[PDB]
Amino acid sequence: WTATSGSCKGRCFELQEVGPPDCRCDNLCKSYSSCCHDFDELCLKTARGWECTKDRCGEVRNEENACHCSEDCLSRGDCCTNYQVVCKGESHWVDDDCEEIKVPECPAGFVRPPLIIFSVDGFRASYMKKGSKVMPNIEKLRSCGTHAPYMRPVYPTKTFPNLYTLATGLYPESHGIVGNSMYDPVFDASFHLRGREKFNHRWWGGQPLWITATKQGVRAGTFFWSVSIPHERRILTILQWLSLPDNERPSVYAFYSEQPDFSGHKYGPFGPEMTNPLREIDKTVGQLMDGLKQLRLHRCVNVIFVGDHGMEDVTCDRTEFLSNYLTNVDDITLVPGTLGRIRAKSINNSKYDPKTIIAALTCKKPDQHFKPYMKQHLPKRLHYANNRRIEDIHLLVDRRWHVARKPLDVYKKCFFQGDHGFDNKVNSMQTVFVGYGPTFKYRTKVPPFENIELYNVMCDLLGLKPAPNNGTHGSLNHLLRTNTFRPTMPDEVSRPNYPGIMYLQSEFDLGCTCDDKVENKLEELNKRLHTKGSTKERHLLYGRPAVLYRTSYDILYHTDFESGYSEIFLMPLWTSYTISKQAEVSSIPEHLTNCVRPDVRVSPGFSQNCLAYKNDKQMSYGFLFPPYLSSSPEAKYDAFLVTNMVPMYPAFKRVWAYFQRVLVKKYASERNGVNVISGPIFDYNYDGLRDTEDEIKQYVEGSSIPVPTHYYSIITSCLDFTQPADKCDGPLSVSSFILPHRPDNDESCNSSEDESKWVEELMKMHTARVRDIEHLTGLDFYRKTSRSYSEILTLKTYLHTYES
């Protein structure tokens, strides 16, 4: 109930929320059906429009006007945004040359530059260049301030997940808004755009910027705007809030525009009808900046121009129907469109089986435009699994397509030429970032980055301590003139052991064999030096990774590679080796095909054994340092140590071997050497975080050898590729992957063909950030370079996306 008999007199867009049943006057009151009787009359005036003209200059103040051109309007804070231009001979902000803001220039009483976030729905990155001729104000922000060529949204590339990610710094799986539509089985409740459930606070996890500010005593404007409130009125309300007295005035503000998303769904991303919405946005920016000039705040406020996602070409005719694949289409519930989520229609049908649904959906049609996954097998870069609201079965839809249950769902619910939601590495889904103000750099371009990183910077711009989030604090310091946050490396938790030769061969009983009884201080003091780490500076280029948890591990040195060998998981956590541009690929000699050799530095009881792989008919083994890249016949024997061995499914060995025999050499040729770090990952509970020993769900049969869920590699070289990887004086370049360790290649529909046609395509789909690997392993990389730590953090967040 709302007794809406109170009055908004003197309260229009008040900042406190008055509780039920007393009526409200805040910018959300419509959406809650709770406004006071006179809200429209007093708070949403429209008389005479939004601009001053010549003949209003110095008028008599009349309070019914939407905005004023009277002499007292600056005092009152309520002039039309163009008042000084028309009535006092001033220029529009956009017509002024830009001049560096080297220091804030704020009026008396401003404790800190305010932040204004100007958010635009569906603003595709390529609009900044392709629309620049009709967007002069936005183009001046971009060229004068700090801009990226694009910003990467989160998955799914929908509005609510992305706007709440911007506000919290968290992945959707962590903040809880995993879609525009959701079912929560614990609550037994549904979230939708139409209805009242989406208001309940229980959907909304984490801590958004406006709460963070409030708890730390920085005042915030209200971020949400009811769709009927026109843009011009949104802008004037922000400016009115900016003339409030010092003790009452917010320091952070948001504007939001439904455009150009709205028009983009109807007309497609580059439909001729899209020029007009882009003009309109620019005009709105122009009003804000002119309004800031009038208040003397245009060299004081930091402004962020930011989008939630892009837009792609999508039509009704490009729909796949689950009814053309499944027999029992009526026993499922599908969340449809640019992504697919499937669960059982009824909780009381135990003739529901995901395995059979998946299999009926896997590589069934030659051109099939979606690919089914169990959520834990989705590429780890999407971070889209660890929430009860994400259904176990997921369909990743190709760009330009939709998935639906049956054809009647499409025509009886074409009407649209654009949509969004696809994989967040797709170029059409990329969106924008520009920062302009005293705290941002002047005429600076920065590389593309992820929207999960912005919360930290918005906290820095306001002097706030960010709540715990998924950004890497410091990774965006190169956007800022000052207010940098100066991070320190985490402390290493476990120190390694450095074992020497401690065991005789006969103490081992591993069931392994090797034809190595083939037999001098010349070549012998020399191989001893190799076991104490004489070549370690060639192979470990950025220092040893640090172990950030408690555990027991050994550093092992070899001529061609170095490892950190876990006595608990019985395999390396990491294996590091450098492959120069001149290196040669060899084969495994015929006598050495099944060679595995005990390591006399490591005890029997902390070693794998070959009997277990013999008895496990499902499981085979591979090596982390590849024998194919040994520097000499004699060095090759090191590559067959039991301490370099890791469990691999025969199907995964096809992928692994091709990566080791062909691609590493190819990368070395192309990048002028590469340093490689490889190893395993255990993430059985799909939370993106390393599993502890007591959480392992699968072992090589009859043994304590744990089976990895994934295998990673980090591949590093010199950004200036005229220098070799191992003698690089400047910035680095990296790419990485986290491959799923799976017993089949069902993910790859061409996998019966030669590896040269499908392996690299799988690896690109499972591209990753070094940071992603950090979370999954509890390791910390690049500890000893000559680069600044901020730069290294930027490198660790880089994602190689293989879009052109």
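Just so we're on the same page, rigid core means the largest C-alpha set that superposes within 1.5 Å between forms. Numbers for residues come from their place in the sequence shown, where the first is 1.
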item: More shifted region, core-based fit in 6 other deposited structures of this protein, 264-272 vs 520-528 by CA; value: 520-528
item: Farther-lying stretch by C-alpha RMS in 6 other deposited structures of this protein, rigid core as reference, of 188-196 and 474-482; value: 188-196
item: Unmodelled deposited residues between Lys351 and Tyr352, binned; value: none
item: Interval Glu519-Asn520, deposited residues with no coordinates in the entry (none, 1 to 3, 4 to 9, 10 or more); value: 1 to 3
item: Given 195-203 and 502-510, the range whose Cα B-factors average higher in the PDB entry; value: 195-203
item: Comparing 341-349 with 725-733, the one whose average Cα B-factor in the PDB entry is higher; value: 341-349
item: Top residue by Cα temperature factor, when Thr157, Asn615, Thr439, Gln216 are compared in the entry; value: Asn615
item: Given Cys73, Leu548, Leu476, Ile101, the residue at which the Cα B factor reaches its maximum; value: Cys73
item: Entry-reported Cα temperature factor of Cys300, expressed as the chain third it lands in; value: middle
item: Entry-reported Cα temperature factor of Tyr553, expressed as the chain third it lands in; value: lowest
item: Within-chain third of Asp560 by Cα B-factor, per the entry; value: lowest
item: Modelled-residue ranking by C-alpha temperature factor, third containing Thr801; value: middle
item: Chain thirds of CA B-factor: placement of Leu326; value: highest
